[PDB]
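Here the structure is laid out as structure tokens; the discussion comes afterwards.
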Amino acid sequence: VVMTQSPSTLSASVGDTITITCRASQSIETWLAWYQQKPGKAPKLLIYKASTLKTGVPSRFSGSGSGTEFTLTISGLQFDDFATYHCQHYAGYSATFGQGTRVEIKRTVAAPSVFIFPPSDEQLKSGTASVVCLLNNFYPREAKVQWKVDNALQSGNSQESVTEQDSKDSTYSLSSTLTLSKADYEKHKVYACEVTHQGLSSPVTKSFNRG
Amino acid sequence: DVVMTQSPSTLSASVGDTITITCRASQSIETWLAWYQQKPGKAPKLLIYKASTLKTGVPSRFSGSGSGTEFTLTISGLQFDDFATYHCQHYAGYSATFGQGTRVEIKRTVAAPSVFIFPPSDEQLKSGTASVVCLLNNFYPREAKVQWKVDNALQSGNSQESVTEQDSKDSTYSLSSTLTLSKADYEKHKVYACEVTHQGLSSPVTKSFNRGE
Amino acid sequence: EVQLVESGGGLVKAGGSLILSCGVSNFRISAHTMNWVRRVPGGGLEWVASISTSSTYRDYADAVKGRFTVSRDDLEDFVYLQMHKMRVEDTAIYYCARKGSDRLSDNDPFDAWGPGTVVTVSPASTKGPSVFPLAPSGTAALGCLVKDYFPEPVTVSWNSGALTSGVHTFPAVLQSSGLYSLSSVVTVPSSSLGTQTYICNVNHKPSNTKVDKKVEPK
Amino acid sequence: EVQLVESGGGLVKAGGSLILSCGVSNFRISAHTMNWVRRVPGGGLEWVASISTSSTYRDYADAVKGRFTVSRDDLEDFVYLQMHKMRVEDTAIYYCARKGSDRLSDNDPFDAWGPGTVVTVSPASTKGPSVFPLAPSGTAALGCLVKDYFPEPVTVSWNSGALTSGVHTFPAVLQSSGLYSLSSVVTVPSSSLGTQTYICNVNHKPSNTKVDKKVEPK
Ligand SMILES: *[C@@H]1O[C@H](CO)[C@@H](O[C@@H]2O[C@H](CO)[C@@H](O[C@@H]3O[C@H](CO[C@H]4O[C@H](CO[C@H]5O[C@H](CO)[C@@H](O)[C@H](O)[C@@H]5O[C@H]5O[C@H](CO)[C@@H](O)[C@H](O)[C@@H]5O)[C@@H](O)[C@H](O[C@@H]5O[C@H](CO)[C@@H](O)[C@H](O)[C@@H]5O)[C@@H]4O)[C@@H](O)[C@H](O[C@@H]4O[C@H](CO)[C@@H](O)[C@H](O)[C@@H]4O)[C@@H]3O)[C@H](O)[C@H]2NC(C)=O)[C@H](O)[C@H]1NC(C)=O
Ligand SMILES: *[C@@H]1O[C@H](CO)[C@@H](O[C@@H]2O[C@H](CO)[C@@H](O[C@@H]3O[C@H](CO[C@@H]4O[C@H](CO)[C@@H](O)[C@H](O)[C@@H]4O)[C@@H](O)[C@H](O[C@H]4O[C@H](CO)[C@@H](O)[C@H](O)[C@@H]4O)[C@@H]3O)[C@H](O)[C@H]2NC(C)=O)[C@H](O)[C@H]1NC(C)=O
Ligand SMILES: *[C@@H]1O[C@H](CO)[C@@H](O[C@@H]2O[C@H](CO)[C@@H](O[C@@H]3O[C@H](CO[C@H]4O[C@H](CO)[C@@H](O)[C@H](O)[C@@H]4O)[C@@H](O)[C@H](O[C@H]4O[C@H](CO)[C@@H](O)[C@H](O)[C@@H]4O)[C@@H]3O)[C@H](O)[C@H]2NC(C)=O)[C@H](O)[C@H]1NC(C)=O
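Chains as they are written, first to last, in my numbering: chain A, 1 to 211; chain B, 212 to 424; chain C, 425 to 642; chain D, 643 to 860.
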């Protein structure tokens, strides 16, 4: 069996009534369940048998549907309800899941403020160079960072991390670290960070020249 | 509980030598011993599945004995195939214990290590790592000690040793030791030395170099 | 001929945990008591654990008793060994051998063995962080780059907790070295860069490491 | 609360093997069908394995079918998942999930989940070595030095087999990086250091990375 879930990201306000849809490629009767998942946590069951609310799950969560179309409704979003959610077909000795939906707090588009930091002299004397590009206070969450050294697109030598939605302004922030030995960093001069984001009409680049 | 007192911890011999080894149980067992060969880094092979009781397919040169407390293994003229470790085992229903294995090895007179020290290649050093190598090229027997000193400071914890098993033409052992340092730390000090002690040496041998000279 | 095939062995850290397993070929384990053995860097064989036919009785050598758990699967022919909170001297080659004979009995030796799998328990149980400044080049951004620390977590404050507005401490990332790294940043008025002092307080409770780093313009 | 705890996470290499396990408390596993699940890079779940009560049935998703193997051992309350031939798309958090309800039935959701353990499959399936000269200071010693490779072997010869007397290549050492190092050496007449050009023809046979290095006085 295969499943689809929509929307992939749902942006809403506190107190809203929202619906998340799951569609099965073939009839699964009422053999479907729903799960809430927080960042860094194992999923928690919400509903099963399509509509059967788990003991202790708040009444604002409900589910409906049979055959190939299923819906999870949250009637009055509370701050705790802004999370990942997943539809899950279950059978006697197996299961399968859809792609999930992420529910977030809606706000206006905000472009990232971009900052690039060169490696500190101390770290550089130890033999390692970690430049850090910062994308501060942007919305929505999708942003792309590309590193270029002497106009050379980097690949495979950076890692990213993103914050959860800020409790006061509902934005995200992102840090990307490009790591290179002292032997590889001193080879090239300019180190740039090319950012694209829904709030930018064209990509933004912040750069520095080694030294 | 049983512990096995196997003897010797190393037996020296040569092709065609008849050899005997002995495992002595710290308290009596009902002749529940077995014996294994083990070649370096391999799985052990069972030779004798009860004391004096040879396993089928094992070469007829093997033999042994058992008395409920004292036990033996014997090989009736060693082949070049036989120069491996041998382990006794006491096996109970749901547990076992083994002797500290008798290492069988090709004999010669004592020979002291030729010691050599190698600085890091400039080509390694520019990448940010310095690997200083100390070579004990040939010696016998196997047991040797190497210590590193940087600016006369005894080092600890930053080296890895490996020994090659007996050479095919002279049966000597050989050791190399690699002292690892980032390029930063290596350029912090001048002299890099290795100090060696061994059965053939009347005093420790030190080889050293000065960084950049 | 018959075969056994150990799997899962590799590098480990002291007080960390790993699980070995052994498969087999040309035979079924459902008839056999199955045993774990090791060869330490000192060259001697140590018995480690065994589990009976019918999974009835589990036994251990006293160095690993209580710390390890032996397990089996008589159907797919697999044996397991959980190694909770390993010691440095748990470093060994770990072999899986079957208690066995042409005709079986209530007491036999180990008549087939697998080629063994290496386990190394490196002695560094926790590693304390390095901390590096993210120097501020309207509003300016500065921060600290915590790096090479194990295990999680690290906590960061700024100016001993007096500076909270505008602070983002990011989730750690796990590097291909097996060590963690995170950055903590704050945006502040550019006018305060000359007078105001900015100190990030990095605490790593697992290593009992505390670092206070002052971040200032280059 | 129902207690589950996974163990055996961490770093792996493409083509490599690992074993996960999960243990439990506040319940006995025998009445439950047990599962493994993962969280792939898009933040979405995938189901990975399910093993029925009494180990009757084992089912897998097509991505892991034939590669992986689930097992269980109810008499100590443990579940296992072997992961042979791991691939980069297996990089995820993994969890041990109970199929269940306040009242168990012939077909149910997953009710109790462990906190999960991370697994990373790094693409370094054949990491090629770094190869460096050991330069000669009546008899002289020279050599070549191999660092930072996986898997074994790195192979070495002197002048494409023209030199064999006095040659030694050492057993590899496993570094704290989880990568191998070794060295190869030869002893020769000191008088020949000026006339004979010693070279080492090498290969990391897994990656088939063929290397050469001339060794001459510094
Ligand atoms: C009335 O009498 C009957 C007997 O007539 C009593 O029943 C018996 O009760 C005994 C005591 O409770 C039990 O003994 C204990 O069993 C456990 C587990 O034993 C397992 O292994 C047995 C042997 O199987 C071997 O050997 C045979 C040949 O002899 C081979 O054919 C076989 O393939 C297998 O070989 C492998 O293992 C060997 C080592 O075991 C190797 O040497 C071989 O090379 C090979 O690898 C096996 O028959 C048992 O069968 C199961 O028994 C379970 C019940 O116990 C049952 O649930 C299951 O369905 C099977 O029938 C087992 O698989 C041992 O570990 C015990 O050892 C002692 O433990 C003490 C600590 O607890 C310790 O102090 C002591 O030193 C010992 O180590 C012990 O032997 C019998 O298993 C049981 N038999 C049966 C048929 O039920 C009955 O209890 C009694 N009633 C009363 C009220 O008097
Ligand atoms: C005498 O011999 C007969 C026939 O050999 C036995 O009848 C069988 O008994 C067993 C055990 O009671 C039955 O297995 C269990 O059946 C349960 C219910 O039957 C199923 O219903 C579903 C629909 O709900 C159908 O789709 C199935 O085809 C069955 O009809 C079933 O719920 C149970 O599930 C098992 O796995 C789940 C996984 O979570 C566990 O939770 C659960 O506890 C259980 O382990 C089993 O499948 C079997 O179906 C019976 N066969 C029939 C119908 O004849 C008698 O039990 C024997 N009696 C004696 C004296 O022992
Ligand atoms: C009466 O006693 C006999 C033995 O004397 C028992 O027979 C054994 O039964 C088990 C369980 O059914 C059999 O195990 C199964 O073996 C399958 C493969 O069998 C073939 O290939 C093997 C070699 O690989 C040969 O040894 C064998 O002769 C066959 O040619 C496995 O694929 C099975 O695994 C699958 O089923 C289990 C359980 O459903 C799952 O957990 C697994 O994941 C997998 O899906 C299974 O392991 C065993 O082979 C039989 N032995 C013999 C000698 O035939 C009877 O079971 C017993 N009677 C009763 C009612 O218990």
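All C-beta atoms in this analysis are idealised placements derived from N, C-alpha and C, irrespective of residue type, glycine included.
Taking a Cβ-Cβ cut-off of 7 angstroms, residue 492 of chain C has no neighbours in chain D, whose nearest Cβ is about 12 angstroms from it.
When C-beta atoms of the stretch 191-210 of chain A are compared with those of the stretch 275-291 of chain B, fewer than three pairs fall below 8 angstroms, so the two segments do not count as touching.
For residue 523 of chain C, the CB falls within less than 8 angstroms of some heavy atom of ligand 1. Contact between residue 459 of chain C and residue 523 of chain C holds: their C-beta atoms lie close to 6 angstroms from each other, under 8 angstroms.
Among the bridge pairs identified by DSSP, residue 306 of chain B is matched with B:303.
Residue 556 of chain C counts as buried, since no fewer than 16 other beta carbons sit within 10 angstroms of its beta carbon.
Residues of the stretch 723-751 of chain D whose Cβ lies closer than 8 angstroms to any Cβ of chain C, in chain order: 724 and 726. A heavy atom of ligand 1 is found nearer than 8 angstroms to the CB of residue 531 of chain C. Neighbourhood of residue 311 of chain B in chain C, by CB distance below 9 angstroms: 466, 467, 468 and 469, in chain order.
Identification of chain A residues near residue 395 of chain B by a Cβ-Cβ cut-off of 9 angstroms yields 125, 126, 127 and 182, ordered along the chain. Counting C-beta atoms within 10 angstroms of its own C-beta, residue 655 of chain D has 16 or more neighbours from the protein chains shown and is therefore classed as buried. Where residue 172 of chain A is concerned, the enclosing beta strand (DSSP E) starts and stops at 172-181. For the pair residue 662 of chain D and residue 733 of chain D, the CB atoms are not nearer than the 9 angstroms cut-off. Taking each of C:584, C:479 and C:426 in turn and checking the Cα distance to residue 624 of chain C, the smallest one comes out for C:584. Three or more beta-carbon pairs drawn from the stretch 299-309 of chain B and the stretch 215-235 of chain B are found closer than 8 angstroms, and the two stretches are therefore classed as touching.
In terms of beta-carbon proximity, residue 94 of chain A lines the interface with chain D, with at least one pair separated by less than 9 angstroms. Residues of the stretch 73-85 of chain A that bring their beta carbon within less than 7 angstroms of a beta carbon in chain D comprise 84, in sequence order. Of the residues C:525, C:490, C:502 and C:495, the one whose Cα lies closest to the Cα of residue 508 of chain C is C:490. If you ignore the 5 residues before and after residue 648 of chain D, its C-beta comes within less than 8 angstroms of the C-beta of 662, 663, 664, 736, 737, 738, 756, 757, 758 and 759, all in its own chain and listed in chain order. The bridge partners DSSP lists for residue 475 of chain C are C:458 and C:482. When DSSP states are grouped into helix, strand and coil, residue 61 of chain A belongs to the strand group.
Residues of chain D with a Cβ closer than 8 angstroms to the Cβ of residue 45 of chain A are, in chain order, 751, 752 and 753.
Within 8 angstroms of the C-beta of residue 673 of chain D there is at least one heavy atom belonging to ligand 2.
Between residue 210 of chain A and the set A:62, A:188 and A:14, the nearest pair of CA atoms involves A:188.
Bridge pairing for residue 35 of chain A: A:45 and A:86 [DSSP]. Taking CB atoms only, residue 280 of chain B has no neighbour in chain D less than 9 angstroms away. Closer than 9 angstroms at the C-beta level to chain B, one finds these residues of the stretch 454-465 of chain C: 457, 459, 461 and 463. Taking 9 angstroms as the CB threshold, residue 705 of chain D stays off the interface with chain A. When A:168, A:101, A:174 and A:91 are compared, the shortest CA-CA separation from residue 18 of chain A is found for A:101. Across the stretch 603-637 of chain C, CB contacts with chain A closer than 8 angstroms involve 605, 606, 607, 609 and 611, in sequence order along the chain. Apart from the 5 residues on each side of it in sequence, residue 575 of chain C sits with its Cβ closer than 7 angstroms to the Cβ of 550 and 630 in its chain, given in chain order. Chain A has no Cβ within less than 9 angstroms of the Cβ of residue 771 of chain D. Distance from residue 628 of chain C to residue 547 of chain C at the Cβ level is roughly 18 angstroms; contact not present, criterion being Cβ atoms closer than 8 angstroms.
In this structure, the beta-carbon distance from residue 566 of chain C to residue 626 of chain C does not fall below 9 angstroms. In the displayed model, residue 228 of chain B falls within coil according to three-state DSSP, outside both helix and strand. In the DSSP annotation of this structure, residue 427 of chain C is not part of any alpha helix (DSSP H); the continuous beta strand (DSSP E) holding it starts and ends at 427-431.
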